[PDB]
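As a starting point, one isolated chain is supplied in structure tokens, in the form deposited in one PDB entry.
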């Protein structure tokens, strides 16, 4: 008979158990049943429902009490089964996901993959987050009764629980998403969607009452806003668009344009600054998040050569984060618009896209990826949750297969685009100077406002040689605190405690 394997555990960067296995003890003529009532406190309910496990769950007391009366009950034995436990619950609901009961649907799927024998004795399966993406590595090989089951591999995530909780705290009541990342590794220090729910509700098996709650909730907690949230990336895109315009030579380090707070299609487009920024280079256009300047560059570069370059930053593309719940959003093209809407591409479509607006939609993870790329001077990093896997009691570390590069690393285009962001935070004309008031570290940021308007901030530090990057969005503005406020708080927590 099949011996179910113990599911591999999930841990934060510092080995803090995030997903655990709790032992549930089970007991397994109608005279015998009444005889057990005093020995295990078998209730009128446990016999009614029992109509195979006679009593569940047993308490170590009731077990120990049956254990000494084992001889007085023939064949009846105590069985130690396991249930997934999520200590930190709602904190990780999205990134860790959860295991839930296998239904006849999950069966059919296992059947055609030819692994149904492995799940013979297994009741729960990874249905979300790391639990789903790594279900394979977390399940283990099944054993037989005596050929022992090979226990599922432990997964060490790059997550920092301390930070992950701290973010959830800061996003309270705000439909929001945050993706802290170590840009040196691609490692996701934190991945937070608000609102969340208890992952533990699913382990036993979720009530259609409880699910229709999460399903029909206005705030839509079920959605991982970090990876499945499609938002206009708005001004966050400008630094990458900047680098793309430089590489394409459609602008240069110093390319003065005059902003009157307006830009018409040579049909006007209002800059955020009602009476404009005046004489603008990219460095200043980024610093002050000037629309006019980028409205122009959009037109000069044109949809096809802009779309192409953003596709290199991974917009419209799956980031390759180790999660099965992900959207690619859309980096729009003529090709796309024609197919999709069955109308050709107008120039009034290229202008919105120039300020990460229009048809352009992005996932916080996409935004987090594109920033890491900009930080590493075009050496693309895949956002990864997995830090290492326990393979034969050895931690085997994550190793990136994607060696991708874009343009020349030695091109001083990254340095200027980044310097702009250095300005957005440190210099007095900067959009986010208010938020990085007196940072012991030197932070670089690019704020953004989409379409109540979404409020966005990508940011990284210490600029001098960065070890953190953040992509935060607060759907329809912050519940209360500013996106810039929270970005400060997050960079504080990591860089002051480092």
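Positions refer to the first chain, counted from 1.
Subject >> residue 104-residue 105 interval: deposited residues absent from the model >> reply: Per the deposited record, the segment joining residue 104 and residue 105 has no missing residues.
Subject >> Unmodelled deposited residues between residue 451 and residue 452, binned >> reply: Per the deposited record, the segment joining residue 451 and residue 452 lacks coordinates for 10 or more residues.
Original post:
In the PDB record, does 332 to 340 or 109 to 117 carry the higher mean Cα temperature factor?
Top reply: Here the higher of the two C-alpha B-factor means belongs to 109 to 117.
Original post:
Of 38 to 46 and 425 to 433, which one has the bigger average CA B-factor?
Top reply: Higher mean C-alpha B-factor: 38 to 46.
Original post:
Looking at 153, 175, 127, 141, which has the highest CA B-factor as recorded?
Top reply: Among 153, 175, 127, 141, the PDB entry lists the largest C-alpha B-factor for 141.
Original post:
Per the coordinate record, which of the options 393, 378, 302, 148 holds the highest CA temperature factor?
Top reply: By C-alpha B-factor in the record, 148 ranks first.
**OP:** Could you tell me which third, lowest, middle or highest, the C-alpha B-factor of residue 262 occupies within its chain?
**Re:** As the PDB entry reports it, the C-alpha B-factor of residue 262 lands in the highest third of its chain.
**OP:** State the tercile, meaning the lowest, middle or highest third, of residue 446 with respect to the CA B-factors recorded for its chain.
**Re:** CA B-factor rank for residue 446: lowest third.
Original post:
Ranked by Cα temperature factor within the chain, is residue 67 in the lowest third, the middle third or the highest third?
Top reply: According to the entry, residue 67 has a C-alpha B-factor in the chain's middle third.
Original post:
Should residue 359 be placed in the lowest, middle or highest third of its chain by the C-alpha B factor in the entry?
Top reply: Tercile = middle for this residue's CA B-factor.
Original post:
How does residue 24 rank on Cα B-factor within its chain, lowest, middle or highest third?
Top reply: Tercile = middle for this residue's CA B-factor.
Keep in mind that the form deposited in another entry is not shown, yet the notes after this line are about it.
Original post:
So one rigid chunk twists against the other between this form and the one not shown - which of 312, 42, 21, 135 is right at the hinge?
Top reply: Selected hinge residue from the list: 21.
Subject >> Sense of CA distance change between residue 57 and residue 90 in that other deposited form, threshold 3 Å >> reply: The answer is closer, because the C-alphas of residue 57 and residue 90 approach each other in that other deposited form by 3 Å or more.
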